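I have placed the structure first, in the form of structure tokens, so that the comments after it can refer back to it.
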Amino acid sequence: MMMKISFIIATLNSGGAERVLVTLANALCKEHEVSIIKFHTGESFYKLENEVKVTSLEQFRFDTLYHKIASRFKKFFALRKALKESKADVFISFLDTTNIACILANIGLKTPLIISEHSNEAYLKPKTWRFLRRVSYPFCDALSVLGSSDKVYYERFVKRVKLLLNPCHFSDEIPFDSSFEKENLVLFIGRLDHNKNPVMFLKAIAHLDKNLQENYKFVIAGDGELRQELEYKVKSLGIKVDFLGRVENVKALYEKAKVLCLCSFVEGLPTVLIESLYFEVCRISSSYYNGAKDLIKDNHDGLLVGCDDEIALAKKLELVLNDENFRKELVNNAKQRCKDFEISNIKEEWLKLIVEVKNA
Ligand SMILES: CC(=O)N[C@@H]1[C@@H](O)[C@@H](O)[C@@H](CO)O[C@@H]1CP(=O)(O)OP(=O)(O)OC[C@@H]1O[C@@H](n2ccc(=O)[nH]c2=O)[C@H](O)[C@@H]1O
């Protein structure tokens with residue numbers, strides 16, 4: 001048949017949620033009809049299919065104490081307005097702040113709201129939002145949730161929670177079993193904020209053999225608030241890491257690169273650890289909060305280090321990089337996880353969930 005799907009997100013900037021949304025949208029787009037409603041005006045970082053109808057809420061002023069409070073009622077009713085005027089068969093919204101907003105704004109309309117947590121339940125640190133999520137989330141119609149520990153957490157107070165994986169858009173593009181002629185390149189891809197923890201990457205490149213360190217290229221794709229101080233500490237330790245910062249063509253690095261390191265303290269299902277599956281990139285990652293083992297059979301299809309162990313990382317790095325027959329084995333076992341992220345399969349459960357929610 002057919003449905004109007006409306007996606008509601010804050011921004012469409014170089015993120016992980018926005019990466020999933022567009023993969024789905026681009027895929028549902030062809031059979032169905034897919035509006036996106038995004039708050040912060042601007043363009044999308046990710047090539048968005050042409051049929052995807054995209055509508056941005058207004059720009060609002062947050063100067064003056066008046067406009068500081070007023071622009072929330074104006075935003076809210078501007079949101080309720082767009083939702084009404086989408087006449088969508090279903091609303092799917094993304095991330096806690098946007099999710100709680102949508103639940104309130106949707107109070108009234110007779111259309112289903114899906115909402116999805118896209119990060120471990122413990123990330124939401126403050127006390128008010130952790131509370132508003134507890135009161136408002138049982139009023140949605142379903143709930144997408146990535147890690148199992150989050151389903152066990154959200155099932156306590158939400159009646160319909162589903163575990164949907166993320167869909168890797170590379171799954172259709174990159175043929176399974178492709179020759180990759182790699183280059184001495186280690187990749188760090190991600191936001192340069194405190195949790196993503198890029199400093200541990202630097203500290204660890206410091207501790208590598210001069211042999212390796214002088215023949216390998218190290219690269220930090222991504223930008224954050226740490227992009228300045230990271231460059232300072234790169235001098236303080238004195239290594240050669242090439243900050244590129246928000247590079248829309250990560251496919252180009254993902255090929256040449258041999259290894260990819262993730263250093264974050266807590267995550268849900270990082271797509272950087274999913275995309276590598278498609279490029280014979282070997283993953284090395286901190287045993288981050290909770291969902292670590294769901295993604296990496298340590299020493300079988302990846303390598304896990306203690307959280308924030310600058311040395312542990314370097315050893316594992318030096319381990320793979322002094323050993324091509326190993327790196328090459330790990331990834332051939334990692335190719336095995338590729339299916340668990342094909343958009344084709346992931347899309348149809350989104351479609352399945354939309355159907356049951358559209359009944360009642
Ligand atoms: C701390 C945290 O809770 N992170 C969550 C994560 O656990 C997942 O749940 C994920 C999916 O919902 O969302 C967040 C990931 P987060 O926002 O941190 O991003 P991620 O690591 O999962 O992936 C983001 C990345 O952006 C891209 N990129 C990077 C650099 C660049 O120059 N250009 C790019 O396009 C990548 O291709 C990529 O997929």
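For the structure tokens, the naming scheme is as follows: chains receive sequential letters (A, B, ...) according to their order of presentation, residues are indexed from 1 within each chain, and ligands are indexed from 1 in presentation order.
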Residue contacts of segment 158-162 of chain A (10 Å, only C-alpha atoms) excluding same-chain residues fewer than 2 positions away, as a PyMOL selection string = chain A and resi 114-116+134-146+148+150-156+164-165+349-350+353+357
ask   = Counting only C-alpha atoms, what is within 12 Å of segment 63-74 of chain A, bar same-chain residues fewer than 5 positions away, as a list in words?
value =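 Using only C-alpha atoms, the neighbours found are residues 39, 57, 58, 79, 80, 81, 101, 104 and 105 of chain A.
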Would you mind listing, for every residue of chain A within 6 Å of ligand 1, the two atoms forming the shortest contact and the distance between them in Å to one decimal, using only C-alpha atoms and all ligand atoms, sorted by chain and ascending residue number, as a tab-separated table?
```
residue	atom	partner	partner_atom_place_in_ligand_line	distance
A:14	CA	ligand 1	35 (O)	5.2
A:15	CA	ligand 1	17 (O)	4.5
A:16	CA	ligand 1	19 (O)	3.7
A:17	CA	ligand 1	12 (O)	4.3
A:19	CA	ligand 1	39 (O)	5.8
A:118	CA	ligand 1	12 (O)	4.0
A:119	CA	ligand 1	3 (O)	4.1
A:189	CA	ligand 1	30 (C)	5.2
A:190	CA	ligand 1	29 (C)	5.1
A:191	CA	ligand 1	18 (O)	6.0
A:221	CA	ligand 1	32 (O)	4.7
A:222	CA	ligand 1	30 (C)	4.3
A:245	CA	ligand 1	32 (O)	5.5
A:246	CA	ligand 1	32 (O)	3.1
A:247	CA	ligand 1	32 (O)	3.2
A:248	CA	ligand 1	33 (N)	4.6
A:250	CA	ligand 1	33 (N)	5.8
A:266	CA	ligand 1	1 (C)	5.8
A:267	CA	ligand 1	7 (O)	3.5
A:268	CA	ligand 1	7 (O)	3.2
A:269	CA	ligand 1	8 (C)	4.2
A:270	CA	ligand 1	22 (O)	3.4
A:271	CA	ligand 1	22 (O)	3.8
A:272	CA	ligand 1	21 (O)	4.8
```
ask   = What is the distance, in Å and to one decimal place, between atom CA of residue 169 of chain A and atom CA of residue 26 of chain A?
value =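 Interatomic distance, atom CA of residue 169 of chain A to atom CA of residue 26 of chain A: 9.3 Å.
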key: Who sits within 9 Å of residue 293 of chain A, only C-alpha atoms, same chain under 5 positions skipped, as a count of residues only   = 3
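Minimum atom-to-atom distances from A:286, A:23, A:128, A:332 to residue 168 of chain A were compared using only C-alpha atoms, and the lowest value belongs to A:23.
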Using only C-alpha atoms, find each residue in segment 255-346 of chain A having at least one atom no more than 9 Å away from segment 202-211 of chain A; report its shortest atom-to-atom pair and that distance in Å (one decimal), rows by chain then rising number, as JSON lines.
```
{"residue": "A:309", "atom": "CA", "partner": "A:204", "partner_atom": "CA", "distance": 8.6}
{"residue": "A:310", "atom": "CA", "partner": "A:204", "partner_atom": "CA", "distance": 5.0}
{"residue": "A:311", "atom": "CA", "partner": "A:204", "partner_atom": "CA", "distance": 6.2}
{"residue": "A:312", "atom": "CA", "partner": "A:204", "partner_atom": "CA", "distance": 8.4}
{"residue": "A:313", "atom": "CA", "partner": "A:204", "partner_atom": "CA", "distance": 6.3}
{"residue": "A:314", "atom": "CA", "partner": "A:204", "partner_atom": "CA", "distance": 5.1}
{"residue": "A:315", "atom": "CA", "partner": "A:208", "partner_atom": "CA", "distance": 7.9}
{"residue": "A:317", "atom": "CA", "partner": "A:208", "partner_atom": "CA", "distance": 8.0}
{"residue": "A:318", "atom": "CA", "partner": "A:208", "partner_atom": "CA", "distance": 6.6}
```
Keeping only C-alpha atoms, write those residues as a compact mmCIF listing (two decimals), in the first residue's frame.
```txt
# COMPACT_ATOMS: atom_id res chain seq x y z
CA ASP A 309 43.40 3.07 28.75
CA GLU A 310 45.82 5.09 26.61
CA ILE A 311 48.37 2.23 26.75
CA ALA A 312 46.01 -0.70 26.22
CA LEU A 313 44.96 1.03 22.99
CA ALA A 314 48.54 1.49 21.81
CA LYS A 315 49.36 -2.16 22.41
CA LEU A 317 47.13 -0.75 17.76
CA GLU A 318 50.78 -1.85 17.60
```
ask   = If we count only C-alpha atoms, what is near residue 351 of chain A at a cut-off of 12 Å, once residues fewer than 5 positions away on the same chain are taken out, given as JSON, numbers by chain?
value = {"A": [1, 2, 3, 4, 5, 24, 25, 27, 28, 29, 31, 32, 89, 90, 92, 114, 164, 343, 344, 345, 346, 356, 357, 358]}
Writer output for current selection, N, CA and C atoms, as a PDB file, in the first residue's frame:
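Written file, selection28.pdb:
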```pdb
ATOM      1  N   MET A   1       0.797  -1.230   0.000  1.00  0.00           N
ATOM      2  CA  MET A   1       0.000   0.000   0.000  1.00  0.00           C
ATOM      3  C   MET A   1       0.835   1.290   0.000  1.00  0.00           C
ATOM      4  N   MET A   2       0.409   2.301   0.767  1.00  0.00           N
ATOM      5  CA  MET A   2       1.207   3.525   0.936  1.00  0.00           C
ATOM      6  C   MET A   2       0.912   4.279   2.232  1.00  0.00           C
ATOM      7  N   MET A   3       1.915   5.001   2.731  1.00  0.00           N
ATOM      8  CA  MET A   3       1.754   5.847   3.910  1.00  0.00           C
ATOM      9  C   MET A   3       2.554   7.126   3.836  1.00  0.00           C
ATOM     10  N   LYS A   4       2.035   8.137   4.510  1.00  0.00           N
ATOM     11  CA  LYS A   4       2.776   9.353   4.762  1.00  0.00           C
ATOM     12  C   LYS A   4       3.541   9.114   6.051  1.00  0.00           C
ATOM     13  N   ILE A   5       4.854   9.074   5.963  1.00  0.00           N
ATOM     14  CA  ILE A   5       5.714   9.035   7.128  1.00  0.00           C
ATOM     15  C   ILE A   5       6.266  10.440   7.322  1.00  0.00           C
ATOM     16  N   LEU A  24      16.906   5.543   6.401  1.00  0.00           N
ATOM     17  CA  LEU A  24      15.510   5.118   6.365  1.00  0.00           C
ATOM     18  C   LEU A  24      14.726   5.932   5.356  1.00  0.00           C
ATOM     19  N   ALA A  25      14.598   7.233   5.623  1.00  0.00           N
ATOM     20  CA  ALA A  25      13.926   8.158   4.728  1.00  0.00           C
ATOM     21  C   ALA A  25      14.270   7.865   3.282  1.00  0.00           C
ATOM     22  N   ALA A  27      15.157   5.272   1.990  1.00  0.00           N
ATOM     23  CA  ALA A  27      14.709   3.942   1.612  1.00  0.00           C
ATOM     24  C   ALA A  27      13.195   3.843   1.593  1.00  0.00           C
ATOM     25  N   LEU A  28      12.531   4.244   2.683  1.00  0.00           N
ATOM     26  CA  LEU A  28      11.072   4.354   2.667  1.00  0.00           C
ATOM     27  C   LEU A  28      10.598   5.291   1.572  1.00  0.00           C
ATOM     28  N   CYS A  29      11.410   6.293   1.255  1.00  0.00           N
ATOM     29  CA  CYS A  29      11.052   7.319   0.291  1.00  0.00           C
ATOM     30  C   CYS A  29      10.431   6.763  -0.982  1.00  0.00           C
ATOM     31  N   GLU A  31       8.873   3.752  -1.844  1.00  0.00           N
ATOM     32  CA  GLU A  31       7.561   3.125  -1.780  1.00  0.00           C
ATOM     33  C   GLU A  31       6.524   4.081  -1.201  1.00  0.00           C
ATOM     34  N   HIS A  32       6.895   4.824  -0.168  1.00  0.00           N
ATOM     35  CA  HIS A  32       5.948   5.615   0.567  1.00  0.00           C
ATOM     36  C   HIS A  32       6.172   7.084   0.246  1.00  0.00           C
ATOM     37  N   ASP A  89       0.327   9.546   8.087  1.00  0.00           N
ATOM     38  CA  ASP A  89      -0.213   8.344   8.695  1.00  0.00           C
ATOM     39  C   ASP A  89       0.495   8.011   9.988  1.00  0.00           C
ATOM     40  N   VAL A  90       1.723   8.500  10.173  1.00  0.00           N
ATOM     41  CA  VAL A  90       2.519   8.157  11.342  1.00  0.00           C
ATOM     42  C   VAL A  90       3.585   9.225  11.512  1.00  0.00           C
ATOM     43  N   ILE A  92       7.343   9.655  13.249  1.00  0.00           N
ATOM     44  CA  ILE A  92       8.505   9.092  13.915  1.00  0.00           C
ATOM     45  C   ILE A  92       9.419  10.246  14.295  1.00  0.00           C
ATOM     46  N   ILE A 114       6.137   7.525  17.164  1.00  0.00           N
ATOM     47  CA  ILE A 114       6.986   6.344  17.339  1.00  0.00           C
ATOM     48  C   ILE A 114       8.135   6.593  18.316  1.00  0.00           C
ATOM     49  N   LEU A 164      15.284  -2.049  17.304  1.00  0.00           N
ATOM     50  CA  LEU A 164      15.638  -1.924  15.908  1.00  0.00           C
ATOM     51  C   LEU A 164      17.102  -1.554  15.828  1.00  0.00           C
ATOM     52  N   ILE A 343      19.861  -2.045   5.121  1.00  0.00           N
ATOM     53  CA  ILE A 343      18.678  -1.193   5.160  1.00  0.00           C
ATOM     54  C   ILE A 343      17.458  -2.001   4.792  1.00  0.00           C
ATOM     55  N   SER A 344      17.618  -2.868   3.800  1.00  0.00           N
ATOM     56  CA  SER A 344      16.528  -3.708   3.332  1.00  0.00           C
ATOM     57  C   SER A 344      15.833  -4.406   4.500  1.00  0.00           C
ATOM     58  N   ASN A 345      16.605  -5.069   5.363  1.00  0.00           N
ATOM     59  CA  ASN A 345      16.005  -5.766   6.498  1.00  0.00           C
ATOM     60  C   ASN A 345      15.556  -4.769   7.561  1.00  0.00           C
ATOM     61  N   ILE A 346      16.419  -3.802   7.902  1.00  0.00           N
ATOM     62  CA  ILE A 346      16.086  -2.846   8.952  1.00  0.00           C
ATOM     63  C   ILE A 346      14.860  -2.037   8.560  1.00  0.00           C
ATOM     64  N   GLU A 356       1.570  -2.086  13.113  1.00  0.00           N
ATOM     65  CA  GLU A 356       0.911  -2.387  14.380  1.00  0.00           C
ATOM     66  C   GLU A 356       0.555  -1.132  15.141  1.00  0.00           C
ATOM     67  N   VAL A 357       1.401  -0.116  15.056  1.00  0.00           N
ATOM     68  CA  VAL A 357       1.072   1.123  15.722  1.00  0.00           C
ATOM     69  C   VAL A 357      -0.106   1.798  15.049  1.00  0.00           C
ATOM     70  N   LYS A 358      -0.214   1.698  13.724  1.00  0.00           N
ATOM     71  CA  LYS A 358      -1.359   2.278  13.036  1.00  0.00           C
ATOM     72  C   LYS A 358      -2.663   1.527  13.330  1.00  0.00           C
TER      73      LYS A 358
END
```
